[PDB]
């Protein structure tokens, strides 16, 4: 869906920006600094679900650019493992949110954040 590589870069950056707002805006809730409304969080995690599936298709072959370390395309199976592990940790966060189980939410949130950081460490310039 991208006319030039720059379009893929702009798309993924925008997806990651959201996806990151929808994750990070829950930090006060997970820390207890903001109240926990199970329905609010269930709805927000559903948005995060959808967003978390979007960036990866915008790292097609030859869409090198942005802050994407070059190691992303030449090690394709390994980058895919990281996105799919991230994506699997998001399933666990959805399960916690859907259940209204705060303790499960906090644990799952930490796992998700570790998965963000793991990819950032291997693949962000």
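Positions refer to the first chain, counted from 1.
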Avg C-alpha B-factor, entry values, 71-79 vs 40-48, higher side is 71-79
By the entry's values, the third containing the CA B factor of residue 102 is the highest
Split the chain's modelled residues into thirds by Cα B-factor; residue 119 lands in the middle
Of the three thirds of Cα B-factor ranks in this chain, residue 55 occupies the lowest
Residue 87: C-alpha B-factor third of its chain, per the entry, is the lowest
Of the three thirds of Cα B-factor ranks in this chain, residue 61 occupies the highest
